[PDB]
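Working notes for the structure below.
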Amino acid sequence: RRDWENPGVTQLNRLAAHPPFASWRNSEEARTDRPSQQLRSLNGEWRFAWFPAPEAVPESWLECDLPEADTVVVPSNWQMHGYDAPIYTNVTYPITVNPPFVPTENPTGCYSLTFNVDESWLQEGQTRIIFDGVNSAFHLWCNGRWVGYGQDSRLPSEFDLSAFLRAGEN
Amino acid sequence: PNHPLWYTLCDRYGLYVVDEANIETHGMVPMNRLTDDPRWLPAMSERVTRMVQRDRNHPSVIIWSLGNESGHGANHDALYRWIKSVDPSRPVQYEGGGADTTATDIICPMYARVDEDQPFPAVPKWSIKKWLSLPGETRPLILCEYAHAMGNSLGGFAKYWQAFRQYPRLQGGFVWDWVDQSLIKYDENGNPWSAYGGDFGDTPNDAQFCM
Amino acid sequence: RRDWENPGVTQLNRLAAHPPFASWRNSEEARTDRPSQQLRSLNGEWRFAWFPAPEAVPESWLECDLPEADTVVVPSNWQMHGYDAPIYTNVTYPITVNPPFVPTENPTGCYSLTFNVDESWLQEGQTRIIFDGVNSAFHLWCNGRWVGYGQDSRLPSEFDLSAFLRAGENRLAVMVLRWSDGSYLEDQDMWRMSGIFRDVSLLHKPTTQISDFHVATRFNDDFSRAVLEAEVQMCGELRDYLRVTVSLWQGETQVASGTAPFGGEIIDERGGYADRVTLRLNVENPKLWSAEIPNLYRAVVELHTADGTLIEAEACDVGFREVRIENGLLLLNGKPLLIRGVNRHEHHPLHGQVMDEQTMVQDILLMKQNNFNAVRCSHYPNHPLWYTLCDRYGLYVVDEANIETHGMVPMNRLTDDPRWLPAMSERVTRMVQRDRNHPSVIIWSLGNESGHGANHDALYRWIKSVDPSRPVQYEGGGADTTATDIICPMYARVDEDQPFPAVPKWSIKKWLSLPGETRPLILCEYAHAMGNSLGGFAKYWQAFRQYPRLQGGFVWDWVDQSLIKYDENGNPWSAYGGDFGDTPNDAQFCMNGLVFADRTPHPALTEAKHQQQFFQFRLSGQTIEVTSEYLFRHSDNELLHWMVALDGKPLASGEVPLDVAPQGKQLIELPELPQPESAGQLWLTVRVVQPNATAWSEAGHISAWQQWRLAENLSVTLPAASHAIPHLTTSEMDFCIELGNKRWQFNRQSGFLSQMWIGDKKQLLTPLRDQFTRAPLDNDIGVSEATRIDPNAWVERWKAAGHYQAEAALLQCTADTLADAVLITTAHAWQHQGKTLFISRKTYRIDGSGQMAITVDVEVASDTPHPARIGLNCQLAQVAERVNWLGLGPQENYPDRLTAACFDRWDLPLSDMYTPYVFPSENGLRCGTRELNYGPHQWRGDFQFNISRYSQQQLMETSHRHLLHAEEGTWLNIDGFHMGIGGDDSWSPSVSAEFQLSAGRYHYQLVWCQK
Ligand SMILES: CC(C)S[C@@H]1O[C@H](CO)[C@H](O)[C@H](O)[C@H]1O
Ligand SMILES: CC(C)S[C@@H]1O[C@H](CO)[C@H](O)[C@H](O)[C@H]1O
Ligand SMILES: CC(C)S[C@@H]1O[C@H](CO)[C@H](O)[C@H](O)[C@H]1O
Ligand SMILES: [Mg+2]
Ligand SMILES: [Mg+2]
Ligand SMILES: [Mg+2]
Ligand SMILES: [Mg+2]
Ligand SMILES: [Mg+2]
Ligand code: NA
Ligand code: NA
Ligand code: NA
Ligand code: NA
Ligand code: NA
Ligand code: NA
């Protein structure tokens, strides 16, 4: 489908946008704007592997960690880690002007994370994942299953993971 | 749109914010080739609508912007109206296409000078004092960008403020800009230094214009 | 991917929308608009296979034909071929409301075609396929390879096949889905069908081509000068030698021409469009386009080299006209329009929603012949040929986007959702890109019944921005929202307010002057012509003519959406909702037209024609004043005929040519009319005749008429005295009167005339009895159903009050022998559960001349719902061929719908006295009748009447006209008074107070005798 070369597809399975949420289960904690146990940060050390194009990504990556990947901090821009060079151009586009196509050599960043979820979250309620910023487009998989797609590098993209999570590690 | 925490801090510390959609097609020829194309209206609409849905409750945000340097296209007019309809509490502005099009409640030119006219074809940058009184014009004028602080600059900054204070409808502007976009690199000795366009093998590039 | 359950995907690999192309390779062919060898039609016999779901389609189908599949004609709706049933539902969606999902069992239509393609088409250039209409979504394959996907059932979907075709034979595979996320935006009140219902064709364009072009026409203050501006876009390599020449023609005479290289003016900091060029041609004293005079020019757009080598040419008909709203008035070429419109669906009783030129032309001719000058495309872009016909014949068009979400709750749940903006935007933008060059289109509409959401405002502004030459309207959310330039309510009444919460329908007169309101008001829908309807139609036109800002409306609607079915004997009959096992359904609500599905006129059409006349008249003494309502044309093909008759007997006549300038007046002095000796009322009738045939009418066409009562000489002469005296005979059960060869029998137990003999031959099959009810009209029924009853509907009020159950109870019955006659006096009381509903007191006086004078005085309980009628009825034993009467006619007319009818002597076959409404009801009434003749019988007085082979009881119990059976003899219903039929809408009481029978006491008299 090459959803990244079609302005008609800016997302797949993405949840509706909304104001800042924390799903407090205590009115006093909501009033004081204190932390919410229903809102977890996944920031920290993730697994990363750089590729020159989406076609160079090995299918195995969906099921298990790539032994060649490195452990890096997220959030981050991989150019700041040295995987490829940041580009500074003012007006002229950093790529050939030929909408809606992009270079065949499309630097691809494969991120992954193994995490655990609270028991109660698997039996009741809705658990969603939120990416406040991904430059510039991405596909999401959870436990080997495709979840969704999202665009716009400056707004949060949210997806429902309720039907994908499982007991233990994900 | 910025990192969510930014609006929180602006709400609490006190700073008026112009929330701007992630839409810039400066490199197109003409500049509005995509924004006047209905095929691109969907992609553009999400960048505007989803921004409003996310930040409409922040008091610091007092003005919505349809984006930047994408000329003036019909998509802008459609989205200008969408915002006006869903959130009448905030004026909507946009500089593309002449800074005073039908898609902006505020004359918001970039680098328009105080007394000197710049009669560019189709998109002139009139002296700001002159702009306010053009036949039929009644809107306020706030430069979305002015006083380009590149290197040893800001000469003539005082001229703007004198005009701002004298003219009621000249209500200020936003200096360009806050911080140099220089990046750190290290030499053979491990000593850090400030780098700009081209210092990463990136080419073509625009060198020091990022600062 | 299931793209048919994702509003984020309305298409895949589909080409950009554009005006009608033909890619002529010869300028002369482009000018004359003759066929193009570069535009092939793939219409004809295709291969079709039906499946319950896309998952049931065999993968082998993509490669080769399925032997199971059949050979069917395309375009077509597969429901019309019997593969599955068409569903008729009004508001409630035909699928469960759970966007963007649709039923797992999704009827799938597998269309395929094996065709030839000449090498020349593949050697160079671009070859595209065009599907003008596919309901409602589809995937496309060419030679096994997937091409694209498309949604929106009412606009063309195009795909480039250049890389998929081969020289020689090729095969197309089209999987059409009945339901899709697009269905949520296609909830129009009509039959829900599916399939490739519009044309399919192949278009060959050169690599360097004209990809788009827009024509605009601006004028000076008095329209004596104009500038035609044509923007042209090209695709392919830009070259300094390329040129575009736009030439304008009036017949074979070139009036203007402009040539230029590509490269538009600077628009912003990055330059301008190097791939565009705008040509500007001056036109002095242009011939202006209007529905009155559809003057058209021909614009030929030539893409060529500087040296003159033609690459390709496109063209279109150009109509010079300016549409604008100024000071609250909608103006066309500077003049305020009066919209005599009608809503028109694309419907055919045999072919479904497949349109053909023959039917389109038939509709337009009938429309103009009945004084309509405008049509609304309810509620989606029409077949491309429609606009061409309107351009040429002359009809104002409201082009409407294919967007209706009526079934949602609230109605704007989707339209106010930004997630649905993309899908909505394409239905609007692609319509505009396609039809913007048609002069007949004067107003853009954002859709229908989808409430008012932010998406409407965004798209309203998009159109205002891209095409300021046409106003934009939309009725959703109250008819006067920020998304409409015209107050365009549906079914708002003339004087009565309907203060519904949030979306009130104010009286149209009151709406115009609400604080701060300044816009013109044109109803997008009014006068719901469902069944025996259009009562009160004249009230709208009187208001339209009196109020400058009330500029008309569009009647709902043109043609009944009935479908043909066949009985065991193979005989065809008209079917409506539920007749295909389709359920839930909304039965007969699919039939609201002025004409039957086969285009035969309903009686209401003539009332519309009369009220929509373009000439108004006034009489003063011997002077007739004719006022023209034409805005542009002079009455250059009109002759006024006048006739004066005494009770149907012509006494004088003449004709005078009309010579009236637009908006002007003409005085016609009638010659002194010789006072007739005979008694009676003199009537003056005038009619406007078109001596010459036109493109839309035959010579002799009558365009308008009007009647006036002139001098009346009341009869004061006494009838010759008879030398005979009726003889009374009495028995325990009867009162019998004898006179010559005539006998009358009154049953003393029932109190009614049970029989009449002429030469010992019975004249009655059923006794003469009072009748206060009528077989309910669709307007009497409203939305009341057997399960979901509406206590407010007239029929429910009559039922609950016992009007249909009420049985006559004899109170008095006496006979007195007088000097020259016998007098029978009676009194009856109709009661229900102890309540006296009506009381009827009569006297029957039979004299020596054989005449029977009947005097009736009725009392109606003030607290019982006003009765449908107050009269008598009986079943005559005889069945005669003709019905002759002196009164309003010749067509069916009711109290609130009789302005079109004229008083005169009419004579028609009995069958014409019955109106075949698909859903049977009271029908065929004729009002203001002073004399009725049937066989040897004659009735005189001042009454309303209908006469047919069907009893009110049968009509009342029969749901389809084809199930009716002629009863023995003839049923005669003679009314002293009859209730109005209503029609402002058909889902709430709409009969105005002045037409309700609320007087409490009524009086009428009849004289029955033998001719
Ligand atoms: C290249 C200039 C003519 S356009 C100019 O460049 C500047 C660089 O700091 C800024 O980006 C301004 O916003 C932009 O208009
Ligand atoms: C059924 C009414 C409450 S809605 C009413 O139904 C009519 C049926 O012909 C038409 O479709 C009107 O446009 C619609 O508003
Ligand atoms: C009886 C007219 C309304 S028909 C009308 O007359 C016009 C000239 O006045 C033009 O000939 C139009 O084409 C024709 O339709
Ligand atoms: Mg995309
Ligand atoms: Mg879809
Ligand atoms: Mg509807
Ligand atoms: Mg002149
Ligand atoms: Mg009259
Ligand atoms: Na000021
Ligand atoms: Na810069
Ligand atoms: Na009027
Ligand atoms: Na209907
Ligand atoms: Na004439
Ligand atoms: Na009936």
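Sequence lines set the chain letters: A, B, ... in the order given, protein chains first and strands last, and positions in each chain run from 1. Values reported hereafter were calculated over all heavy atoms of this structure, with side chains retained and with hydrogens, waters and symmetry mates removed.
Note that OH of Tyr950(C) and OG1 of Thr958(C) are 9.5 Å apart. Values are rounded to the nearest 0.5 Å. Taken to the nearest 0.5 Å, the CG atom of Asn592(C) stands 7.5 Å off from the CD atom of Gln561(C). Atom CG of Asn779(C) is separated from atom CD1 of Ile981(C) by 7.0 Å, given to the nearest 0.5 angstrom. Between the CD atom of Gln353(C) and the OG atom of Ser76(C) there is a distance of 12.0 Å, given to the nearest 0.5 Å. In this structure, the separation between OH on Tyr540(C) and CG on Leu534(C) is 10.0 Å, given to the nearest 0.5 Å. Rounding to the nearest 0.5 angstrom, the gap separating the CD atom in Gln79(C) from the OG atom in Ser194(C) is 3.5 Å.
You'll find the side chain of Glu186(C) stays beyond 4.5 Å of the side chain of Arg154(C), heavy atoms only. Contact of the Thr89(C) side chain with the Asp586(C) side chain is registered, since non-hydrogen atoms from C-beta on lie closer than 4.5 Å. Put simply, the side chain of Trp179(C) reaches to within 4.5 Å of the side chain of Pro94(C), judged on heavy atoms. Between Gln996(C) and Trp794(C) the shortest side-chain heavy-atom distance falls below 4.5 Å. Within the 4.5 Å cutoff, the side chain of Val559(C) has no heavy atoms near those of the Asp363(C) side chain. The shortest side-chain heavy-atom distance between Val860(C) and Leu997(C) does not fall under the 4.5 Å cut-off.
For the residue pair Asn873(C)/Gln952(C), the side-chain donor-acceptor check at 3.5 Å is not satisfied. There is no side-chain donor-acceptor pair under 3.5 Å between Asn448(C) and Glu400(C). Counted by atom type alone, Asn402(C) and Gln188(C) present one or more donor-acceptor pairs between their side chains at under 3.5 Å. A side-chain donor from one of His602(C) and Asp560(C) sits under 3.5 Å from a side-chain acceptor of the other.
Aromatic ring orientation, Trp573(C) versus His962(C): parallel (interplanar angle below 30°, classes split at 30° and 60°). Ring geometry for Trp556(C) against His345(C) counts as perpendicular: the plane angle is over 60°, on a 0 to 90° scale with 30° as the lower cut.
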Would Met530(C) and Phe919(C) count as a side chain to side chain contact (heavy atoms under 4.5 Å, CB included) here? Give the steps. CA-CA 10 Å; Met530(C) 178 177 193; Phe919(C) 173 70; over 6 Å; no
Going through the checks in order, is the side chain to side chain donor-acceptor pair (under 3.5 Å) test met by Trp78(C) and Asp84(C)? CA-CA 7 Å; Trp78(C) 73 65; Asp84(C) 58 27; 2.5 Å; yes
Can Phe945(C) and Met913(C) be said to form a side chain to side chain contact (heavy atoms under 4.5 Å, CB included), step by step? CA-CA 10 Å; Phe945(C) 81 89; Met913(C) 304 307 281; 3.8 Å; yes
Go through the steps for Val858(C) and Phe977(C) under the test side chain to side chain contact (heavy atoms under 4.5 Å, CB included), then give the verdict. CA-CA 11 Å; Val858(C) 170; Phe977(C) 309 79; over 6 Å; no
Given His803(C) and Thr864(C), is the side chain to side chain donor-acceptor pair (under 3.5 Å) satisfied, shown in steps? CA-CA 9 Å; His803(C) 288 195; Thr864(C) 189; 2.8 Å; yes
Walk me through whether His828(C) and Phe752(C) qualify under ring-ring contact (aromatic ring centres under 6.0 Å, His included). CA-CA 10 Å; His828(C) 295 76; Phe752(C) 298 112; 4.1 Å; yes
What verdict does the side chain to side chain contact (heavy atoms under 4.5 Å, CB included) test give for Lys505(C) and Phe500(C), after you've listed the backbone C-alpha separation in whole Å, the side-chain angles of each residue and the deciding distance to 0.1 Å? CA-CA 7 Å; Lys505(C) 292 188 189 304; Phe500(C) 302 121; 3.9 Å; yes
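Residues meeting the side chain to side chain donor-acceptor pair (under 3.5 Å) test with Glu496(C), sequence neighbours left out: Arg493(C). Among residues two or more places apart in sequence or in another chain, the side-chain contact (heavy atoms from CB on, under 4.5 Å) test is passed with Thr415(C) by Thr405(C), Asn412(C), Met424(C), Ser450(C), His456(C). Remark: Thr899(C) engages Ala538(C), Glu607(C), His610(C), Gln611(C) in a side-chain contact (heavy atoms from CB on, under 4.5 Å) (not counting sequence neighbours). Taking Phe772(C) as the reference, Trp830(C), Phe838(C) meet the ring pair (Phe, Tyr, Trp, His ring centres under 6.0 Å) condition, with sequence neighbours excluded. Remark: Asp497(C) engages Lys510(C) in a salt bridge (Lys or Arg N to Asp or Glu O under 4.0 Å) (not counting sequence neighbours). Residues passing the ring pair (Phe, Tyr, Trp, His ring centres under 6.0 Å) test with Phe51(C): none are found, sequence neighbours excluded. Residues that satisfy the ring pair (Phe, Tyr, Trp, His ring centres under 6.0 Å) test with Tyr576(C), not counting sequence neighbours, are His960(C). Under the side-chain contact (heavy atoms from CB on, under 4.5 Å) criterion, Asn747(C) pairs with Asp734(C), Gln749(C), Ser750(C), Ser754(C), not counting sequence neighbours. Under the ring pair (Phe, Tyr, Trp, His ring centres under 6.0 Å) criterion, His406(C) pairs with no residue at all, not counting sequence neighbours. Applying the side chain to side chain donor-acceptor pair (under 3.5 Å) rule to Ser507(C) yields no partners; only residues at least two apart in sequence or on another chain are considered.
The backbone N or O of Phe101(C) sits nowhere less than 3.5 Å from a side-chain atom of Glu5(C) that would complete a donor-acceptor pair. Judged by distance alone, with hydrogens and angles left aside, the side-chain atoms of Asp567(C) form a donor-acceptor pair with the main-chain N or O of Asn569(C) at under 3.5 Å.
For residues 767-776 of chain C, every residue pair satisfying the salt bridge (charged side-chain N to carboxylate O under 4.0 Å, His left out) rule, not counting sequence neighbours, is listed here: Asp770(C)-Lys842(C), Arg774(C)-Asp780(C). For residues 952-980 of chain C, every residue pair satisfying the salt bridge (charged side-chain N to carboxylate O under 4.0 Å, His left out) rule, not counting sequence neighbours, is listed here: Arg869(C)-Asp975(C).
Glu922(C) pairs with exactly one of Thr773(C), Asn946(C), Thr915(C) by the side-chain hydrogen bond (donor to acceptor under 3.5 Å, both in side chains) rule, that one being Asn946(C). Checking each of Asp187(C), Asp582(C), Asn585(C) against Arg192(C) for a side-chain hydrogen bond (donor to acceptor under 3.5 Å, both in side chains) leaves exactly one that passes, namely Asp187(C). The one candidate from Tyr526(C), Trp987(C), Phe554(C) that meets the ring pair (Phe, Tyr, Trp, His ring centres under 6.0 Å) condition with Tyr491(C) is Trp987(C).
Environment of CD in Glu994(C): crowded, with over 12 heavy atoms of neighbouring residues, nucleotides or ligands closer than 6.0 Å.
Between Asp984(C) and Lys539(C) there is no salt bridge, since none of the side-chain N atoms of the basic residue sits less than 4.0 Å from a carboxylate O of the acidic one.
In this structure, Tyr184(C) has its ring center under 6.0 Å from that of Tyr93(C).
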